[PDB]
Structure formats: C-alpha cells, structure tokens
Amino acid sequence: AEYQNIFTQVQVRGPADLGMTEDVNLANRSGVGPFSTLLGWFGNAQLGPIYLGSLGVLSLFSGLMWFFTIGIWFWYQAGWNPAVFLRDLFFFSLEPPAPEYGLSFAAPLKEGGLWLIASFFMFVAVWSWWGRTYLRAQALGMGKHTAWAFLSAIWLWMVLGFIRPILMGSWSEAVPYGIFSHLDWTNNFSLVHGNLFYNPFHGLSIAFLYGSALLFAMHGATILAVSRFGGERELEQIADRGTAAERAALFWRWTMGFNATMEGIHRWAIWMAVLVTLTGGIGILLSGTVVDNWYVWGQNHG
C-alpha cells in the first residue's frame, strides 16, 4: 500500500512531555500517566498529566454525585438485585416530578425529588467544568474559543433541562435520566409538537450536524493529503504559509471554485459545529412556549 498516514509506522519517545508552564499553577498538575503504544498508532502515546484545581475537584465530585444519585435510583428500581440491575440498566429511568408538582422543589424523593437532586449535581458539574475550560486556556495565555464553543452545547442542555421546563411551568417537561427513556422522551417531544422536521431551527441544526461531518471529512482528509508537506503543523503554516497550505487551498479552489486558508478553515469549522447546538437550542426553546405545532406553523408561513 502507498502509505496513507492513518497509522503511525514508527513510534518515538523521549523524556515525557510535561507541557508548557506559562501561568499554570503547577501544584494542581498530576504526574505523567502510562504511555500507551496502542494509542500511539493513531495519536500520541503519552497519558497525562492532568490539571485538577479547586474547580476540577468541585466538578468531579458534583459529577460523581450526579452519577451516584442516578446509580442508587437504578439500584432501587432493580430491587437491589445485581442481576436485574445489569439486565435492565438501559431501561431504568430517573424521571422528573409529575406536572402537578409544578416548578416546586417539594416533590417527594421517589417521584421527582431525586431527579431534582441529580439535576442540581449535574448543573454544578457542568458549569464548573465550563469555568475550567476557560481557566485552562487563560492559564496558558490562549484564546477562549473552547469555553465559547462549549457554551453552545451548554445552551442546548440548559434549554432542554432547565430553561424550557421553567418557561413551561413544570419540571415534568425536562429530560429523564435514562438511556432508553430519554430516547423515548425525544420521540414523544417531536410528536406532541407537530413533527420536529418542520421546526426550521431543527432543519438548520441538522444541516450543520451533517455539515460538520462533511467539513471534518473534507478537512481531515485534506490535512492527511498534505501531511507529506508538514500540513498538520497548522500553526506554523499560518505564520509562514508553505506548499502544504497552498496545495490544500488549490485542491479546493480547482474542485469547487473557492478555498480556505490554514487559519480560516478553523473558523468555518468552529462555526459549523457551534451552530448545531445554537440553532438546536433555539428550536427547542420555541417549542411549547411559542409554537405548539411546527407543521401547522410551517403551513401558514411562506
């Protein structure tokens, strides 16, 4: 086979890379983990170090408390028997309070109270994780693009679980914590709202989800196709354009009539992906609060 740069042929190692220091509080850095030659066929072999500060400990603890709040509820639905637990694990479900409890936190533990406890733990874990993605860039002197893109995903999860349920009047509108049940929630969401395919923000969300697989296939293939010219060293190609960046651009110019730059393709990329959950969150948020039936809404507009 003419070499395709999809699996490293010769792995190399030196002293473990401890990373840039900049303004990182090195106290909160772990040691280096084990090297994985298996991973090294596809990407880097080095594992760690990781950074765990105040925020990371908070998010981890709160995240485990979310997982164990759903875990104990799954054991109680399994009558505490390890066989029904392992067998029906995808069927268990920690459901929100019923619509009568409204936006109240007085729901008993066994019909919405434990969901509210879990959601609180999840809300703390996610938002302290988001602060982490901001602070880890800040400590390194980097832009805040990761935190900003992460906000887009958070917007959807916030609309589904918190903002839309509140504007609707009851926690019962939020998503259940279960593998199969939240799938069922998703299907029934589209049914009760007159077919989500006619929510034009759902159509945009899909175009960008498809477009993200399109663009990443295009960009990943392109970079591999010019890796023979150092193309994956994208930062130095941005500061000092080489024949990799030029041939990459000319492939696409000659194919479809226009092209990117080494820097600019990553702006197309971040926006393609971010728009998925941005449009999606809007479409969900308008559902039940402004539009009860998307198909019927669609017919009268045009």
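Just count from 1 along the sequence shown to find any residue number.
- The mean Cα B-factor in the deposited entry runs higher for 165-173 than for the other of 165-173 and 127-135.
- Annotation for 118-126 versus 221-229: the higher mean temperature factor (C-alpha) is found in 118-126.
- Of all the options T69, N259, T277, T243, the entry's greatest CA B-factor is assigned to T69.
- Note on the listed residues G211, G113, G203, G143: the highest Cα temperature factor in the record is that of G113.
- Split the chain's modelled residues into thirds by C-alpha temperature factor. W271 is in the lowest one.
- Annotation for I238: C-alpha temperature factor in the lowest third relative to the rest of the modelled chain, per the entry.
- Among the modelled residues of the chain, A27 sits in the highest third by CA temperature factor in this PDB entry.
- For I282, the recorded CA temperature factor ranks within the lowest third of the chain's modelled residues.
- Placement of the Cα temperature factor of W254 within the chain: lowest third of the modelled residues, per the deposited record.
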